[PDB]
Every structure is written in structure tokens, then in C-alpha cells.
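Written below as C-alpha cells is the structure these notes are about.
So basically every Cβ, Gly included, is an ideal-geometry build from the backbone, and we count neighbours across all protein chains shown. Each answer follows from the model by the rule given with it, or from the source it names; nothing here is a laboratory result.
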Amino acid sequence: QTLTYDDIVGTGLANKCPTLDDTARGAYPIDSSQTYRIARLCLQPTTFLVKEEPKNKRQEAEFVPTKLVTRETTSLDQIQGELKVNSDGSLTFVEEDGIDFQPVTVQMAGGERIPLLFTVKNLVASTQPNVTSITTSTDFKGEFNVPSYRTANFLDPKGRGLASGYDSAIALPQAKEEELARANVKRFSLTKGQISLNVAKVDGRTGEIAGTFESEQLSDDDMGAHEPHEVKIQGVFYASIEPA
Amino acid sequence: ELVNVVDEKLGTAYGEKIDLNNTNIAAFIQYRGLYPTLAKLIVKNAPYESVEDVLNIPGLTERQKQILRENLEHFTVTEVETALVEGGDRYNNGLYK
Amino acid sequence: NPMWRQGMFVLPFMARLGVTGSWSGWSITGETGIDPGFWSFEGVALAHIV
Amino acid sequence: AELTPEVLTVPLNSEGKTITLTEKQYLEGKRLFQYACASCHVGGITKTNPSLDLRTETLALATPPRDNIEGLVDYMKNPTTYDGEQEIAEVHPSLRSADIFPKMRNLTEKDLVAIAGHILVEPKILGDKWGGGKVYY
Amino acid sequence: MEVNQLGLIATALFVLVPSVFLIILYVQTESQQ
Amino acid sequence: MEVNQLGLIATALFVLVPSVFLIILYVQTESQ
Amino acid sequence: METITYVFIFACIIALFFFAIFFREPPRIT
Amino acid sequence: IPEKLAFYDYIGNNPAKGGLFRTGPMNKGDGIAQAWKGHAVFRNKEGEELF
Amino acid sequence: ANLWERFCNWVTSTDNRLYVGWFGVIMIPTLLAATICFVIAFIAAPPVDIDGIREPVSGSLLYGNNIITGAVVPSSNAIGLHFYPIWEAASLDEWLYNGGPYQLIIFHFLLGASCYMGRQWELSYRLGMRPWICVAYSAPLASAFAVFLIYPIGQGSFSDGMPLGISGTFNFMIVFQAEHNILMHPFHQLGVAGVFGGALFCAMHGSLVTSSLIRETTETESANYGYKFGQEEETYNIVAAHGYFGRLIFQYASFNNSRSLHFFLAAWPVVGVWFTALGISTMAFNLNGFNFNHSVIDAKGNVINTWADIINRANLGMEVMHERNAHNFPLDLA
Amino acid sequence: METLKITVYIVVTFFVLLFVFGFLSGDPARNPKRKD
Ligand SMILES: CCCCCCCCCCCCCCCCCC(=O)OC[C@H](CO[C@@H]1O[C@H](CO[C@H]2O[C@H](CO)[C@H](O)[C@H](O)[C@H]2O)[C@H](O)[C@H](O)[C@H]1O)OC(=O)CCCCCCCCCCCCCCCCC
Ligand code: CLA
Ligand code: CLA
Ligand SMILES: CC(C)=CCC/C(C)=C/CC/C(C)=C\CC/C(C)=C/CC/C(C)=C/CC/C(C)=C/CC/C(C)=C/CC/C(C)=C\CC/C(C)=C/CC1=CC(=O)C(C)=C(C)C1=O
Ligand code: HEC
Ligand SMILES: CC1=C(/C=C/C(C)=C/C=C/C(C)=C/C=C/C=C(C)/C=C/C=C(C)/C=C/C2=C(C)CCCC2(C)C)C(C)(C)CCC1
Ligand code: OEY
Ligand SMILES: [Cl-]
Ligand SMILES: [Cl-]
């Protein structure tokens, strides 16, 4: 028994990943030979934390909590990729495709909006060696790519862009442009992020697994205009395994 | 020290030939027999170290290898430019007519 | 950079009797992510206008 | 300026033979083109795939060459992709697919020639406008 | 915002001088009847 | 001189407001 | 300072509204 | 070429380039002219002069 | 003497300084809700992601606007025509980002304005008046429904109803022209005729009465003191006004019946503005102004441009620039 | 939020019923001439 679109539509359940029975404490074993894919990886964030900028030299700022303002638009889903068995029995997941990004803006205390591209683009995530079974103590660790939040065609409010748009501040024709280079010259950032996936529930019959994830990445730098913030994303995940 | 990478890219062979590593897929219509089929393939299998690497695309029929040879002089390869390949922009870069 | 360096005159009389936080999530103790309810600096000010 | 035989004269085939349309044929093809084609090809663009237009230089580089009556009449019967590699009668109006594209049903053979003639003549009249898009409106 | 400083004085006088003129004529009108 | 540019508006209103007060009281006196 | 000026003027208009309605010269017949 | 004559050939002294609420002297806009930089000549890679 | 009856008598009393009435019972709370939220939002609302593309537009004074640039920004295109009350948001911070205040303000105002029209009927009845002033007012009211409700309904989003600000108004009318060619639409042309003609006849009527005032005063006093509120005799000579204006044009193009004349004053701008409200209301369903682009061509078939084609070059510049990051496909179909 | 929602439903309902019952209360008769 499962739900249909018309049962889901407008509930918010569309933004929630599938869950596993609290009874599902099994194990899914790995034939060193036979090959495996992940047919659906789903990541549902629950918490967004931003690193403060502590002004001084030895205070190291806190991760503070934020209010989401972009509503139930946050989840990655339909992600798929190879799941490899390495020489030493570690498993490596290689993301291929899926809805693997969501723009998000959270709001810090005091009103500052922080946008970010919550993503796992190009994720490669490995386990410990000598796995031989996925269990309620398997941990995946890996890193991914975080492209620029806007892509190259994006025009700022004065028409300036990277692959399109004006190359100067046309409203200030005889102004000195040195002050304005950072805002006139757009840059396409490309950074890396890190993620931990902790498996806590495992259906040995069906190959489904689920658990918790923590991700660290950078926020939007507005095409070079300003410095990014560090973001920590916590939530829950769900993945399904198939022999390839 | 702040450069526009796309403008900088127009000063390379990318500004004069089809860059097999960067150029949007609609450029493969300027020369015959290349679109959509070979173009689909060149893009999917990018990036290339040299122009002549496209002949080693698996699955190529001898007729296909013949069109690519016919057109190698219209291709180049420069370094992959993140800003031209992210966002699926090699398949749709937002330009229509 | 506490309030008394920024020429705040009435802010400390609100703080004195218990009004410590803002509808925008900050408190003058520096604690982030606080919900003061109605009796924030904002609502105190609103109530005097009304 | 006027609609002279030299403008109404277009390639018949790739050999290099020519045919001179009549004013009638030209206006016949324009009308038929609005009836069966302009919904997607108004002004020589392709609203549903703007990367392919009806300019003569684009048609010339299609496989097989389509800058002539024979190629265009053929395309209206058995349309292919630009490289000739796959037949696309299932998604492009054609006599081959007049069952799913009912407007092609009452097109005769001489209608096809009038339409191909219009497509080849209009660029000679309108220039860059034909297939150029809104920039040239 | 980087705004014209004299805008303030200009606005105040623009309001104050014409307004004060009307009040002067109103009050001395009421004191007649 | 790098003066306080709020000084101009302070001085202007320092003068205008109380002067207007006086003028208003005087004129309505003369009209009764 | 611009914000305060804009709102100050807007506030004076609202006050003026109040007096023009409730403290008007009351029209008197003939 | 005397600088004075070159300075006339500059749209910033065109009176039809201002604004109603753009106040003050022309110098408050483009600044106080200090020097003629020279007459700029553009050429392409083929050495054609360009305008 | 009963409690409900005494309430009903106070609601409908002709002795309150401002009439309340049953329509008033709904108008007052809704106009206050809309007004108060408007004032606070205009001064202090943070930026709003009108077009649903995570590109917030700042509309309030404290976020760097002046009186001319400020606005309550329309709600997000992500919401479309969905109802977005405060209690549907996870928080006020979310509601502010997505533009909740706009919906609150417009729905309360349209309700309260509708009751304003009803109130005009109602007091007319209590005072023994004829009833149709409210019909005059339906013209402006209709106009407000068109830009805040009907056009959003036809286009699928409140992001496309008119901003509540001065520069946002201009944005809305430029984009309308690009997409609908409103200038070339006859119903808009009748609006201009109703508005220009209204201003003309306003000036005419005011200058004719003013020209024919009967001498009742000296050079040293406002002529206005020649009329005393509630006097029974007329204060001007209409036969003199008729005699001047009839000769200015010709006799039979001038009114000597003051009832006909005043009805004519009422009908011309009311009807013109009904039509212009209808213009917005039907262009909401994309039945746009006349299109004569390339209608004139020569013997060969060259396009011979007209002023319509020049207008089209302008419309095109508006088209291609508006909401410059929000279109991913070649046709802007809504 | 749920408390806000209840409150508004209550406030609105109240005003709408004042309106409905106000006009049901013999509105034709509240004019200056003929009462019935
Ligand atoms: C002319 C004559 C006419 C008659 C005159 C009538 C006189 C009455 C005039 C009314 C004046 C209204 C004043 C405006 C009120 C708006 C206050 C607001 O919205 O303020 C509400 C505050 C604001 O909330 C805070 O609002 C903040 C909003 O932030 C924003 O605001 C910040 C502060 O500016 C910064 O700008 C920040 O960057 C920006 O994001 C945060 O989101 C906080 O988390 C959030 O708590 O909330 C609170 O706690 C409020 C309590 C809600 C708690 C939940 C219980 C629900 C209670 C239901 C309410 C009942 C309503 C009464 C009707 C009953 C009828 C019998
Ligand atoms: C013909 C009159 C005239 C002219 C052409 C000039 C021209 C000039 N003056 Mg001079 N000036 C004048 C009169 C004039 N001045 C007078 C009478 C005074 C005394 C107040 C001054 C005091 C003065 C000073 C102190 C300075 C100048 C400066 C300047 C220069 C800048 C002007 C500027 O920014 O404009 C600004 C113009 C406007 C913003 C337009 C304002 C018009 C408003 C909008 C009209 C109001 C509309 C009204 C309310 C409508 C309601 C009607 C309805 C209700 C019925 C320029 C060469 C400046 C300069 O550079 O000198 C070194 C400078 O600093 N002038
Ligand atoms: C000479 C040039 C010219 C002229 C004369 C007009 C004239 C007009 N245009 Mg066109 N327009 C023009 C050029 C022109 N336009 C151009 C160049 C463009 C394209 C850029 C347009 C685009 C255009 C659009 C897109 C629209 C118009 C509309 C209109 C009408 C606006 C007035 C109106 O709607 O009244 C109607 C009356 C009102 C809107 C008033 C409603 C008032 C409510 C009921 C009450 C308000 C209460 C208030 C908030 C509080 C007051 C209380 C106080 C105490 C504060 C009018 C017929 C509008 C129209 O037809 O509207 C239907 C419209 O939407 N025009
Ligand atoms: C080479 C050679 C020699 C060539 C030969 C050329 C040759 C020599 C030519 C020479 C020509 C010649 C010698 C001259 C004769 C030419 C001639 C007769 C030409 C006609 C000229 C012409 C263009 C005239 C313009 C006509 C015109 C524009 C008028 C139209 C009027 C009009 C539409 C008005 C609207 C009126 C309206 C609808 C209602 C009234 C308005 C209004 C409601 C007012 C309010 C109001 C009204 C009242 O009424 C009263 C009472 C009161 C109270 C009041 O409130
Ligand atoms: C939309 C429903 C269309 C209608 C109606 C017609 N055509 Fe079309 N055409 C359409 C598409 C999407 C494409 C591209 C097909 C592809 O993937 O290659 C085309 C292509 C053509 C071409 C080839 C152009 C070229 O540059 O090689 C021609 C000559 C052509 N179409 C002609 C044509 C005629 C004559 C039509 C009416 C009878 C007609 N098309 C209708 C979409 C649509
Ligand atoms: C100058 C000076 C001085 C003095 C000063 C003063 C004295 C001040 C005052 C001031 C003040 C004293 C202020 C006030 C303000 C107020 C306000 C700001 C208010 C507002 C209100 C409102 C807005 C309301 C509204 C309403 C109504 C009316 C009804 C209903 C309800 C409501 C609420 C809505 C000194 C000595 C220090 C010295 C220095 C200088
Ligand atoms: O005109 Mn152009 O169309 Ca009616 O939507 Mn499509 O773009 Mn956008 O949101 Mn406002 O605006
Ligand atoms: Cl726009
Ligand atoms: Cl789109």
C-alpha cells in the first residue's frame, strides 16, 4: 500500500524522504564480486547552521541556528550512482544524476538572509575497509562539489553578468572604476563540501537503508561580491540498493 | 587581477573554433552531418586532451569517423571552463533566437 | 561594542527591568536564536505608541 | 522593387537545375505555409527548436541538402534530423504522418512544391529577417 | 544611503516657511471676529 | 572647516521656531 | 534622516486629516 | 592640439547631458579636469584603424 | 428599547459624524487591517522575492528606498494564486520573504473598498436621496479589481498584480505594454478619452459657472462669499453661460438643461473608465491590442515599416529586459 | 499560528454575522419616508 499524488499534493510530504520501520535493524551483505547501484538516494535537511564571524583573533565563532524562509523546497531526491567494492572491501558511492541541489535561504538573527546551494553534486562517498555488510553502524564519508549559486547568465540588478550583461557601472559613467571592480567583474566560484552519512536502520529483505547525515559547505558569494559563510546542514537520509 | 573568464576565453581558439570541451551544443550545426547525433556524443564524452581524441569515442561507425575527420580542422580543445559547462549550459545556454 | 558605547539612552532602561531581546532573534547578552515573545524591544516600543 | 522571375527562380535539385515559380505558386505556397507550418515556423524560425531555422544556409548544410525543391518536397514526405540519421515523421508533420497530423491530409504534390518554393523565395525578399527572429522584427 | 545632505534643510524650510505664513494669517483672522 | 553639518539645521530651527511663535502672537494682537 | 523626514511628513498629513474632519468650520444654513 | 580645444570635444561639457536634480557644478559630476590624456587610436589585429 | 434594536439604530443612525451602517461594519475592520499593515510594510518590510527566483526586491524605506521608489512588493511567483495567510507560513520571517503582506493588504482593501461602495448606497437610502452615486464609484473600484485581482487571476500569479508603490506602478504599466500592447487596445483608448474628456469637462464646467457668477460682492472680497450655504436661489446665471458657450461653438451644441449637463458630466468619465477597467480585465485573458506588425509590404514583399512597427521595437526592448533572470524558455507565455 | 488562525476565523465570523443579521433586521423600513 502506498500513497498517490493526490494524497500527497499540498501536504508537504513531497519534501520528506521515505522512512524505515523502527524494526529494521538488519544487514545487507556485499558479494565482493556482484555489482551494485543506488537507485534512489534521498536527503532531507532538518537543521541549518551558519558560522558566525568572530571579529577578533582567538574566539572561533559559533555555529548558530537559522530560520528557513524558502519553505518545503529543501530536499535532494532521486539521486543515483554506482556503488563500488574496492580492493580492501570499502564501498564507494559515485553520484551520477538526480535532483542533487536545492537553493536555500535561511535567515540569521538580526535579519541577514543567507542563501546557499545545498548540494551533493558529484558526490563520492566511501566506507571503512572490510565492510562485507551494510549495518546499523556503517558510516559513509565523502566530498562533493559546490558550484556557484548563480550560473553564468545571471544578471545583477544593474545588468552586470559574467556570460552576459554590462561590464561596468553604466549609471556612473565617469566614476572611478577601481572602487567597483569586485562588483563589476563577476566570478564563478567552485568549492568542495564534505558529508557524513550514518546508517542507523537497514531492511535486509528489500535493500533499503536510512539514517542521518551532516554536511559542511559554503554559502553563496554572489559571484564574488562578498565573502561566503560556512554552513553546516543536518538531516536524515534514505537510500535503496539494487544489484546492478 | 579580477578578470572575466568568459571574455578571456574569447581570446583563445575558443573564440574562433568549436571548442570540444566548452562550446554549446548548437555550434555543431555550422558544419554538416554533426548535429544532433555526433554532437550529442562529443559533448557527453568531453573533455578531450586533443582534437584527435574524438576519433576514439566508442561506438563510432566508420561513416561517423569519416565526418569527424572531415571536420577536425574546425575543432579545438582548450581548458575546461567551469563557468561554461556548469548548469547544463553546454546543452542549453539560454540563447534561442 | 556594548549599548553604552553607542549612545543608547532608553535601551538600558528596558534592559534594566527585563526586556533583553529583539523580534529579530538577538539578545543584548549576545545569545542568538531567542524568542522573546511580545515583550521584546519592538513590542515595548509599539505599546508606547499605541 | 517587384516580384520578378529572377527572385521567383530557385534551385530544383542539387545538380544545379532551376525552376522559375509563378507569382501564383509563390502566393499559393505562402498561404499553404501559413495553414500547415507557420504555427511553428512563422518568419522562418522554429518556435519549438529555435536552434534549427529555415534560412537557406541552414538548409544547405542539412543532410541531405534541403536548399532545393527536391530536398524540401522530400522532407515534407519523410522528415529526418539535420544529420539525416533518424526519421522524425512521428513528431514532425509529413505526408508520411498525415494520420497523426491531419492538416497534411489534403496537401497535393503541387501544394508541396508551392510550399517549398515559398520557403526558398522568402529569404531572397526579406533577407536576414527570414529566420532571424525578433532582433529583426 | 549616500544622500544629499542639504535635502534635509531644504525639506524643513520648504514645509516650515509656507506653513508658518498660513498660520500667521489664520490666527490673526480669528482674533478679528 | 570640518564642522557639524547638523549645526546648520539646529541653528536654523533654533531661530525660526521661537521667532515664528512671537510673530504669530504679535500679529493676532494687532488685529483685535 | 531621510526615513525620519518622509515619515514625519506623512504623520503630519494624518494629523491634518484628523483636524479637517473633526475640527472643521461647521457649515451653517443661510 | 591645445588641451583647451580638446576639452571642448568632450560630451561632459555638452549642456544637454545633465539632470534636473543633479545639482551643483559640472565638476561635482565627472570631477575637476586635470590633463588631456591624449588622443586614443584603436586598431584591430590587422592594423586597420578603428573609430 | 431592546438591546439588539438599540445597536441596529446606532449602526444605521444618520447622526453619527461618520456614517457606519452594515456595510460599514465590514469596511472599518478590513480598511484598518489593510491600512495598518500597509503603513508598517512600506516603512519596514524586508525584501520580498516577488518573482520566485530567490532574487528579493527591496521595497521599504528602511531598506534603502525613498517615497518614490518604495512599495509593498507583490507576493512570490512560487505561490502563484495560492492563498497565503500568516498562519500558513512557518513564521513571519518566511511570510515576509515570500510577500505575505501584499495579499493581506489587497484582499482587505478590495473587501473594504467594495463595502465603501455599498455604504454609499446605504447612506443615500437613509437620507432620502437617489441611489446611484455608488454606480459612479464602481468605475474606480472596477479599476482596482482589475490590477490587483483579475489580471493576477488570468496570468496565474499575484507576482503580476500591480505593486503598491509609485515606481512599481510604472514597472507594471511598462511590462503590460510589452506583453499586451495596451496603447493599441481600444478600451484603453476609451479610458484616455474618458480621462482627458473628464478633465476637459471639469475645466469647462468650472469655468462656465465661474464666468457667470452673479455680482454679490466687492472687488476687495472673495466672490465665494456671494454664495451662502443652503441659499435657495442659484448662484450663477445659466442662461448667460449657455449664451456664451452656445456662441463659442454653436447654439445647439450647448446645454441649457442643468440636469442633462450634470448627467453628462457623470457618464463620460464613468463609462470611459469602465471600458479601461474592462481593458485590463480582458487583457488579463491575453486578448491584446491590435497587432499591425509588418502589415504594410511592397510589390516585392519588403516590409514597409509604420509607426506600429516602431512601437513594436520599443515593446521588444521592454520584453527582452523585464524580469531578466526569470525566463528559461523562449516564449513568455504568462 | 494555530491560535492566530482560530482568532481570525472567530473575528471574521462575528462581523459577517453582524452584517447578515443587521440587514435581516428590517432594513427596508429604515428610511425617512415609508416604513414596512
Ligand atoms: C483609528 C481608530 C481605529 C481603532 C484603533 C485600533 C487600535 C489598535 C491598533 C493596532 C496596532 C497594530 C500594531 C501592529 C501589530 C503588528 C505586530 C506584529 O505582528 O507583531 C507580532 C509579534 C512579531 O513577531 C515576531 O516577528 C519577527 C518578525 O521579524 C521581522 O521583524 C524584525 C523586527 O522589525 C526584523 O525586521 C526582522 O529582520 C524581520 O524578519 C520574528 O519572526 C519573531 O519570531 C516573531 O515572534 O509576534 C508576537 O509574539 C505577537 C503575539 C502572537 C503570539 C501567538 C499567539 C497568537 C495571538 C493572536 C493575535 C491576536 C491578535 C489580536 C486580535 C484579538 C481580537 C480579540
Ligand atoms: C535664474 C536663476 C538662477 C540660475 C539659472 C542659477 C544657476 C546656478 N546656480 Mg544659482 N541661485 C539663484 C538663481 C539662479 N542660479 C538664486 C536666486 C539663488 C539664491 C537662492 C542662488 C543660489 C545659488 C547657490 C547657493 C549655488 C547656486 C549654484 C548654481 C548652479 C547650480 C544650479 C543647480 O544645482 O540647480 C538646482 C535646481 C533645481 C534643483 C531645480 C529646482 C526647482 C524646483 C524643483 C521648483 C519648485 C517647484 C514648485 C514647488 C512647484 C509647485 C507649483 C504648484 C503648487 C502651483 C547654476 C550655475 C550652485 C553652484 O554651483 O554655484 C557655485 C550653488 O552652490 N546658486
Ligand atoms: C497620456 C498618456 C496616458 C494617459 C492619459 C493614460 C490614461 C490611463 N491609463 Mg494608460 N498608459 C500609458 C499612457 C497613458 N495612460 C502608457 C504609456 C502605458 C504603457 C506604459 C499605459 C499603461 C497603462 C496600464 C498598464 C494601465 C493604464 C491605466 C490607465 C488609466 C489610469 C487611471 C485609472 O485607471 O483610473 C481608475 C481609477 C483608479 C485605479 C482608482 C481606484 C481607487 C480606489 C477605488 C480607492 C483608493 C483609495 C486610496 C488608497 C486612499 C485614499 C484616501 C485618502 C485619505 C488617502 C487611464 C485611463 C490603468 C487602467 O486602465 O486601469 C484599469 C492600467 O492598469 N495605462
Ligand atoms: C489654394 C486655395 C485658395 C485654397 C482654398 C482654401 C481656403 C481659402 C480656405 C479658407 C477657409 C475660410 C475662409 C474659413 C471658413 C472655414 C470654416 C468654416 C471651417 C471650420 C473650422 C473648424 C476646424 C472649426 C473647429 C470645430 C471644432 C473643433 C469644434 C468641435 C466642438 C466640440 C467637439 C466640442 C465638445 C462639446 C461637448 C461635447 C459638450 C459641452 C462641453 C461641456 C460639457 C461643457 C460644460 C458646460 C456646457 C454648457 O453648455 C453649459 C451651459 C454649462 C453651464 C457647462 O458647464
Ligand atoms: C511544430 C509542430 C512544427 C510544425 C507545425 C512544422 N514544423 Fe518543421 N520543424 C519543427 C521542428 C521541431 C523541427 C526540428 C526537427 C529536428 O529535430 O531536426 C523542424 C524542422 C523543419 C525543417 C528543417 C530545417 C533545417 O534547418 O534543416 C523544415 C524544412 C521544416 N521543419 C519544414 C516544415 C514545413 C514545410 C512545415 C509545414 C508543412 C512544418 N515544418 C511544420 C516543428 C514544426
Ligand atoms: C529639541 C530639544 C529638546 C527637547 C525636545 C523635546 C521636548 C522633544 C519632544 C518630543 C516628543 C514629545 C515626541 C513625541 C512623539 C510622539 C509620537 C511619535 C506619537 C505617535 C503616535 C501615534 C502614531 C499614534 C497613533 C494612533 C492613534 C492616533 C489612534 C489609534 C491608535 C494609534 C496608535 C494608531 C531638549 C530639551 C531635550 C534639548 C535638546 C533639543
Ligand atoms: O510579464 Mn513577462 O509574463 Ca507576466 O510573467 Mn511572464 O514574464 Mn513575468 O512575472 Mn511578472 O511578468
Ligand atoms: Cl521587470
Ligand atoms: Cl520560463
Taking segment G:10-30 and the residues there that are within 9 Å of chain I (Cβ to nearest Cβ) and over 9 Å from the mean Cα position of the chain (by Cα), the one that is farthest from ligand 3 (Cβ to nearest atom) would be G:30
Q.
Being more than 15 Å from residue A:84 (Cα to Cα), within 11 Å of another protein chain (Cβ to nearest Cβ) and either surrounded by fewer than 19 Cβ atoms within 10 Å (Cβ to Cβ) or hydrophobic (A, V, I, L, M, F, W, C) (or both) is the requirement here; does residue A:165 meet it?
A. yes
Residue count, segment D:120-129, condition surrounded by 18 or more Cβ atoms within 10 Å (Cβ to Cβ) and away from chain B (no Cβ under 12 Å), comes to 6
Going through segment C:1-31 in order, the residues found to be closer than 19 Å to residue A:64 by Cα and not in a loop (DSSP other than H, G, I, E, B) are C:21, C:26, C:27
Of (1) in the same structural domain as residue A:213 (by CATH); (2) surrounded by 15 or more Cβ atoms within 10 Å (Cβ to Cβ), residue A:141 fails just (2)
Exception for residue B:73 within (1) part of a helix (DSSP H, G or I); (2) facing chain D (nearest Cβ under 10 Å) falls at (2)
For segment I:311-334, pairs from a residue that is over 11 Å from residue D:137 (Cβ atoms) to a residue that is of a type in the set (D, E, K, R) and within 16 Å of ligand 6 (Cβ to nearest atom), with Cβ under 6 Å and 6 or more apart or across chains, are none
Residue I:261 passes all but one of the listed conditions (1) away from chain G (no Cβ under 14 Å); (2) surrounded by fewer than 12 Cβ atoms within 10 Å (Cβ to Cβ); the exception is number (2)
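Just need a number here: residues in segment A:121-175 that are part of a loop (DSSP other than H, G, I, E, B) and β-branched (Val, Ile, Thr). Lay out the reasoning, then the answer.
Initial filter on segment A:121-175 (part of a loop (DSSP other than H, G, I, E, B)): A:127-132, A:136-138, A:148-159, A:161-165, A:167-175.
So of that shortlist, the ones also β-branched (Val, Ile, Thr) come out as A:127, A:131-132, A:136, A:138, A:151, A:170.
Total satisfying the criteria: 7.
Matching residues to (1) more than 11 Å from ligand 7 (Cβ to nearest atom); (2) small (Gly, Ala, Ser):
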site	(1), (2)
I:135	yes, no
I:142	yes, yes
I:149	yes, no
I:154	no, yes
I:166	yes, no
Picking from I:76, I:91, the residue that is of a type in the set (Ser, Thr, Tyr), closer than 22 Å to residue I:153 by Cα and within 16 Å of ligand 1 (Cβ to nearest atom) would be I:76
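Could you please let me know if residue D:44 is on the phi > 0 side of the Ramachandran plot and surrounded by 15 or more Cβ atoms within 10 Å (Cβ to Cβ)? Reasoning before the result, please.
Working: on the phi > 0 side of the Ramachandran plot: yes; surrounded by 15 or more Cβ atoms within 10 Å (Cβ to Cβ): yes.
Yes, satisfied.
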In the set I:53, I:67, I:79, the lone residue that is away from chain J (no Cβ under 14 Å), under 20 Å from the mean Cα position of the chain (by Cα) and part of a loop (DSSP other than H, G, I, E, B) is I:67
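Each row is one residue, and each column tells you yes or no for (1) in a helix (DSSP H, G or I); (2) closer than 21 Å to residue I:278 by Cβ; (3) more than 16 Å from ligand 4 (Cβ to nearest atom).
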{"position": "I:139", "(1), (2), (3)": "yes, yes, yes"}
{"position": "I:145", "(1), (2), (3)": "yes, yes, yes"}
{"position": "I:149", "(1), (2), (3)": "yes, yes, yes"}
{"position": "I:154", "(1), (2), (3)": "yes, yes, yes"}
{"position": "I:162", "(1), (2), (3)": "no, yes, yes"}
{"position": "I:168", "(1), (2), (3)": "yes, no, yes"}
{"position": "I:172", "(1), (2), (3)": "yes, yes, yes"}
{"position": "I:175", "(1), (2), (3)": "yes, yes, yes"}
{"position": "I:178", "(1), (2), (3)": "yes, yes, yes"}
With the first residue restricted to segment I:217-243 and required to be of a type in the set (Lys, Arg), and the second required to be part of a loop (DSSP other than H, G, I, E, B), Cβ contacts under 8 Å at 6 or more apart or on different chains are I:228/G:30
The residue that is nearest to ligand 8 (Cβ to nearest atom), considering only those in segment I:295-334 that are within 11 Å of chain D (Cβ to nearest Cβ) and in contact with an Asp or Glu (Cβ under 9 Å, 6 or more places away or on another chain), is I:319
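For (1) away from ligand 8 (no atom under 16 Å from the Cβ); (2) closer than 30 Å to residue I:254 by Cα; (3) within 14 Å of chain G (Cβ to nearest Cβ), each residue gets a yes or a no:
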| position | (1), (2), (3) |
| --- | --- |
| I:155 | no, no, no |
| I:158 | no, no, no |
| I:161 | no, no, no |
| I:167 | no, no, no |
| I:187 | yes, yes, no |
| I:192 | yes, yes, no |
| I:197 | yes, yes, no |
| I:224 | yes, yes, yes |
| I:227 | yes, yes, yes |
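Can you tell me which residue is surrounded by the most Cβ atoms within 10 Å (Cβ to Cβ) among those in segment F:1-14 that are more than 8 Å from chain E (Cβ to nearest Cβ) and not aromatic (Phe, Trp, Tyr)?
Restricting attention to segment F:1-14, the residues satisfying the condition of being more than 8 Å from chain E (Cβ to nearest Cβ) are F:1-4, F:6-7, F:10-11, F:14.
Then drop every residue that is not not aromatic (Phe, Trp, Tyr), which leaves F:1-4, F:6-7, F:10-11.
Numbers: F:1: 2, F:2: 4, F:3: 7, F:4: 7, F:6: 12, F:7: 10, F:10: 10, F:11: 10.
The extreme case among them is F:6.
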Taking first residues from segment E:15-33 that are closer than 11 Å to residue F:31 by Cα and more than 8 Å from chain F (Cβ to nearest Cβ) and second residues anywhere that are surrounded by 12 or more Cβ atoms within 10 Å (Cβ to Cβ) and among the aromatic types (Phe, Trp, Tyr), the pairs with Cβ under 6 Å that are 6 or more apart or on different chains are none
When segment I:112-122 is checked residue by residue, the ones that are within 11 Å of chain J (Cβ to nearest Cβ) and either surrounded by 20 or more Cβ atoms within 10 Å (Cβ to Cβ) or within 12 Å of ligand 3 (Cβ to nearest atom) (or both) are I:115, I:122
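Across segment D:23-41, what is the number of residues that are touching a helix residue (DSSP H, G or I) at 6+ places or on another chain (Cβ under 8 Å) and free of Cβ contacts under 8 Å to residues at least 60 places away in the same chain?
Of the residues in segment D:23-41, the ones touching a helix residue (DSSP H, G or I) at 6+ places or on another chain (Cβ under 8 Å) are D:25-26, D:28-30, D:32-33, D:35-37, D:41.
From the residues that got through so far, the ones that are free of Cβ contacts under 8 Å to residues at least 60 places away in the same chain too are D:41.
Final tally of qualifying residues: 1.
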When every residue in segment A:85-96 that is surrounded by fewer than 20 Cβ atoms within 10 Å (Cβ to Cβ) and touching a residue at least 24 places away in the same chain (Cβ under 8 Å) is compared, the one farthest from residue A:236 (Cα to Cα) is A:88
Taking segment I:137-176 and the residues there that are polar (S, T, N, Q) and farther than 29 Å from residue I:266 by Cα, the one that is farthest from ligand 5 (Cβ to nearest atom) would be I:167
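If you take just the helices (runs of 4 or more DSSP H) that sit entirely in segment D:3-109, which of them hold at least 1 residues that are more than 14 Å from the chain's Cα centre (by Cα) and more than 11 Å from every other protein chain (Cβ to nearest Cβ)? Give the steps one after another, and end with the answer.
Working: elements: D:23-36, D:38-41, D:56-61, D:69-77.
Filter on segment D:3-109 gives D:23-36.
Quick test for you: out of A:38, A:30, A:8, pick the one residue that is aliphatic (A, V, I, L, M), outside the structural domain of residue A:201 (by CATH) and over 19 Å from residue A:117 (Cβ atoms).
A:8
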Among the residues of segment A:13-39, the number that are touching a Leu at 6+ places or on another chain (Cβ under 9 Å) and either touching a residue at least 60 places away in the same chain (Cβ under 8 Å) or crowded, with 17+ Cβ neighbours inside 10 Å (or both) is 6
Restricting segment B:15-26 to residues that are part of a helix (DSSP H, G or I) and within 10 Å of chain D (Cβ to nearest Cβ), the one surrounded by the most Cβ atoms within 10 Å (Cβ to Cβ) turns out to be B:25
TODO: Would you check if there is a residue in segment A:172-180 being away from chain H (no Cβ under 14 Å) and under 27 Å from the mean Cα position of the chain (by Cα)?
DONE: no
